[PDB]
Amino acid sequence: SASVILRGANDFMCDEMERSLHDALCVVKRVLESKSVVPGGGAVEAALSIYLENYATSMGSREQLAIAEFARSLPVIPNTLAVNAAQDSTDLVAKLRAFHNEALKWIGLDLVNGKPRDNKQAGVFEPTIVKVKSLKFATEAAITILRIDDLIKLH
Amino acid sequence: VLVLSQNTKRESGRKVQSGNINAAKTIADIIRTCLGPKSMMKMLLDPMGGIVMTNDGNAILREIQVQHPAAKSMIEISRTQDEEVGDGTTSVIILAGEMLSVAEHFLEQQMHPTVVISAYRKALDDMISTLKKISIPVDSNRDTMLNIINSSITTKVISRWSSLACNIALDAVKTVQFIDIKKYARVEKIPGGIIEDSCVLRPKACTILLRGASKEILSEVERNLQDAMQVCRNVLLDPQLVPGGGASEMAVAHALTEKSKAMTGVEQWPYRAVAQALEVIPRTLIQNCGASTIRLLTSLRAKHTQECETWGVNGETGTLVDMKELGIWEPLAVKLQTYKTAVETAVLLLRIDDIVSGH
Amino acid sequence: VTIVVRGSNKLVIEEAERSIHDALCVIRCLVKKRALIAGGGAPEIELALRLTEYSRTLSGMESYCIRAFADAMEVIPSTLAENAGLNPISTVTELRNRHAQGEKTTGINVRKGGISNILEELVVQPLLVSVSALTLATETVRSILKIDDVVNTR
Amino acid sequence: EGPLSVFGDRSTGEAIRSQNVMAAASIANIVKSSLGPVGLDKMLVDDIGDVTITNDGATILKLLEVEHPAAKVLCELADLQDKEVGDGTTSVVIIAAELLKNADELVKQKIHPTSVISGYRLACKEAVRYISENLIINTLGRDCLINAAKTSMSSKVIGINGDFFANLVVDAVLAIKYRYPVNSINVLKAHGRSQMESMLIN
Amino acid sequence: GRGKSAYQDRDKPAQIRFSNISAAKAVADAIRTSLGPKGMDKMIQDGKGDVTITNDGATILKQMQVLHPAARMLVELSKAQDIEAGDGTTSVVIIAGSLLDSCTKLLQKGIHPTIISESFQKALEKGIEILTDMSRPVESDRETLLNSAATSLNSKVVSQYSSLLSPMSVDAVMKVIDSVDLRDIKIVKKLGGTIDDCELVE
């Protein structure tokens, strides 16, 4: 347990600083949970994008386009990050790919600055377990909705 | 498809900045006129034949049934500001509205919020340092305190006997001053007679015994006295005071603008936008006088940048005069919090890009 | 007998009950019938083929209808390839041919994208399920095909 | 026939699978703007009038009046994602919708959903492997946490002093972090003194 | 004029036959999308609200309010097929809708409904013959018994313990073989331990 005494000239200050004290309270944790980790910013998704893009070309059959699209539904993460960070998605997104296959994996999007930066060197690391669950859940989420041909909710 | 419960409106992106900003801007222009000694008290008539005549922005926002959340947050801005000191309730509202009015413009030029807000939050920090870099430090001291408390009783129903109320507030605050506590001054209002038959009752906590011919008049003598005590509570925490009449706003403005060209970049515009926004105070001010706002603004910044900051808008003369010479001073705290409460609100308000309601 | 099904999770046990229930049904159908066929479209096409021939030989309205009857069997395999991604029509005719060259077991492996020997794929169903299927629905089709009127006041 | 009388749902054919996409779309895009250090919070004000301004996608999907069943699936993802790791709750909802949209394309091409599903499965297993082969296995680091702490507070009311706290944040975690129990870091808020004296009882 | 009771339906030969075929075929193509190991589930939320997501045709038709009679016929096939074999309950319906589909053509041509009913029946006799004529005749033998019990417990959640559920299913029947009666095989789901501890009480 603990007891972080948070002061504040105004309750309105103690409320946002308490919500901020919880932000880096869960970041410092994910960084030490599990040895396996990955450089955020979009690097990860970027890698899988190109790699899976090649995987589709090696599989063939309907699974070629099925995997291709998948590799196109991954770079959406860094694409949005740039959009919500006041950066031109298309630019960074594309620039990320080139800088993702030149300076290796450790190349993601640093919304703070707004340019493909070495998240590994920067310190941006997230427990791989998060990535796994993210994909797993999201994936299973689709299969189900695609498995729906008709329903019956009724008032 | 019904992604979310039927009839649940959901503004997104640009559709949010519009409906949110304007709504707040509009509500800020409503009580706007109720600014200055030339205030235009509206006669609020609730949907039942009611008749609410008032000048205070808060009291007005608490009578006008609002439906849009954006305008509701405003009524909350006047709720916090009005509780702290009291007056200036319209100030914080007008500013918060303008900031959004000047922001939306930049949105037209397609200036992504991230950049804007960033400049807003930082600009907010500038005003604070500015306010302190030009405040006039005045003395406790019974004499001074009186003047401060007096200026806080010269606009209400208690102004009739402000002098008396002042000595009462001065004593009640100077006695319960250990940081002074605003919970050690008991107010015992008793209907009957004139507010002139009052007397502070003494003590780690006195018992001020007010008097009021009526029931509404007696409660008013309690509130104004409490506010008269507040300013005194500020001279104990914020012994600083800056010239009113807009003199302040103009300074911070001329300063911020200058800083804009020093910072350059995309945020070079917002800086000015905030400075130009502070100009509304002296603008709307002179407006309540029927004088030329524009013309005044010109001559204002004119003699202002040339001869110190001691110049301000003289509503009684419809011209620019040395506030300091006229003896027009406003507690730095008054202004200090204003800019703060304002910018802050506007900031997070600009972060709102969607609101899940029901209809 | 009394099968006691005790497990940790209810959804796990309830599934054990249901599944075992099916593990018995197929057996209870195997007692009054000790036969098993490769289920997967093989038996449907096999019939659709024989019946069709049973039509040309019989001739007349008999033949026409029968061919139609058999063609109605082609729906079983078609849906399979359909709910698998494979081209229904193409996959069927593909099976019809290999069904004449291969064996009755020749069915459609909705997990390989093409024809294959179901008997070697470990896919067989008791002859009862089949036999019944044809009889159950067939009689019905005849029970409502006779009803020349449906007036029951109000 | 008159199966389900008045007041009865049931969507079939393309009319439904489509509705599901748009259903997941609108929902996705919603919390889509709440990811990143510059997250754009929202003000969830339910029926009773209670105002709730949050940034977390999960809390948003749990307070969002949703009617369509499919859209509720995303709320479940935000739930599973929140009770397993926390952040990234919006990501799972964003990638979910995209996968659907990219699929529709293959659909309007005559590729039965089954074929597509089998594609997201094998791709999934592989996409994860490609991640496992590039898994930085470190042992926690401080120097990195403070930066993700100073920039996570620079957009609110605690940005002015986002430093003093950022430290108090990387300290409270690493201190009571094994699995970091959040129920161990109480944030007692009290009025008085500026936010500069904010201490962390060690 | 006034020979029928106020508010009354009177479908004639050509009129009635049409409705029936429609109702049925419509119900068939409804569950014809859940057939197969890759079938699609259907959330059956009745009035009360208790949803019933099932893939089995029978369970689907038994939860669906059916107003028209002709389509109720199919609900009877699913039930019967599920009590006379268990699986393939979705097939009997689909095929039924097909047999009706092809015959209609004949009707709209000039073939009396009776002749058709006689023909189809004749093909049925031939169908059952061939099918059974080529079925692999199996053996009492506990071996073949564990084959219809194992390959029938897979694809489900019990597959994890099918190697144990099969033997019990064989001993449960091997005893009730007075023909086997499923009423002598009392099943009771208890909460304790795991499915691997299950036991068959004689």
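Chain B is numbered as in Swiss-Prot; the shown residues are, in order, 7-145, 147-185, 193-216, 369-473, 475-526.
Method reported for this entry: X-ray crystallography, 5.5 Å.
Cβ atoms are placed via backbone N, Cα and C, with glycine included.
Here Swiss-Prot flags B:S11 (among others) as phosphoserine. Its own atom aside, the Cβ of B:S11 (phosphoserine) has 16 Cβ atoms within 10 angstroms in the protein chains shown.
Taken residue by residue with DSSP, B:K15 (SUMO2 cross-link) is part of neither helix nor strand, so it is coil. Taking a C-beta cut-off of under 8 angstroms and a sequence separation of 6 or more, B:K15 (SUMO2 cross-link) has the following same-chain neighbours: B:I522, B:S524, B:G525, B:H526. According to Swiss-Prot, the feature SUMO2 cross-link maps to B:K15 (among others).
Swiss-Prot lists B:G42, B:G94, B:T95, B:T96, B:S97, B:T162, B:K163, B:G411, B:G482, B:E483, B:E497, B:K502 with the feature ADP binding site. Cβ-based neighbour count (10 Å, all protein chains) for B:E497 (ADP binding site) stands at 23.
Among the features that Swiss-Prot reports, ATP binding site is placed at B:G42, B:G94, B:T95, B:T96, B:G411, B:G482, B:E497. For B:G482 (ADP binding site), the number of other Cβ atoms no farther than 10 Å from its own Cβ, over all displayed protein chains, is 19.
Per Swiss-Prot, Mg(2+) binding site is recorded for B:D93. In the three-state DSSP classification, B:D93 (Mg(2+) binding site) falls within coil.
Swiss-Prot lists B:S170 (among others) with the feature phosphoserine. For the recorded site, B:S170 (phosphoserine), the DSSP three-state label reads helix. With a 10 A radius on its CB, B:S170 (phosphoserine) counts 14 other CB atoms from all the protein chains.
For B:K381 (SUMO2 cross-link), applying a Cβ distance below 8 Å and a minimum sequence separation of six or more within one chain yields B:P205. Sequence annotations record features per position, and here Swiss-Prot assigns SUMO2 cross-link to B:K381 (among others).
Taken from Swiss-Prot, the feature phosphothreonine applies to B:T430 (among others), supported by similarity to another entry. All protein chains included, B:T430 (phosphothreonine) registers 9 other Cβ atoms within 10 Å of its own Cβ.
Its own atom aside, the Cβ of B:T459 (phosphothreonine) has 19 Cβ atoms within 10 angstroms in the protein chains shown. As annotated by Swiss-Prot, phosphothreonine applies to B:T459 (among others), with the evidence given as similarity to another entry.
With the fewest other Cβ atoms inside 10 Å of its Cβ, the least crowded of the binding-site residues B:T95, B:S97 in this structure is B:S97. Within 10 Å of the C-beta of B:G42 (ADP binding site) we count 20 further C-beta atoms, all protein chains included. Using CA atoms as reference points, the recorded positions B:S11, B:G411, B:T430 were checked against B:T95 (ADP binding site), and the closest is B:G411.
Comparing C-alpha positions, B:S11 (phosphoserine) sits nearest to B:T96 among the binding-site residues B:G42, B:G94, B:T96, B:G411, B:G482.
Proximity to chain D (Cβ-Cβ under 8 A) holds for B:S11 out of the recorded positions B:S11, B:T96, B:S170, B:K381.
Spanning the listed ADP site, residues B:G42, B:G94, B:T95, B:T96, B:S97, B:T162, B:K163, B:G411, B:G482, B:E483, B:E497, B:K502 have a farthest Cα to Cα distance of 22 Å. The closest partner of B:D93 (Mg(2+) binding site) among the recorded positions, by CA position, is B:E497; the full candidate set was B:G411, B:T459, B:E497. When secondary structure is read from DSSP and collapsed to three states, B:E497 (ADP binding site) falls in the strand class. In terms of Cα spacing, the recorded positions B:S170, B:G411, B:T430 that come within 10 Å of B:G482 (ADP binding site) are B:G411. Annotation: B:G411 are the recorded positions among B:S170, B:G411, B:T459 whose CA atoms are within 10 angstroms of the CA of B:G42 (ADP binding site).
Taking the Cα of B:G94 (ATP binding site) as the reference point, the closest of the recorded positions B:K163, B:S170, B:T430, B:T459, B:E497 is B:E497. With B:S97 (ADP binding site) as the anchor, the candidate recorded positions are B:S170, B:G411, B:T430, B:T459, and the one with the nearest CA is B:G411.
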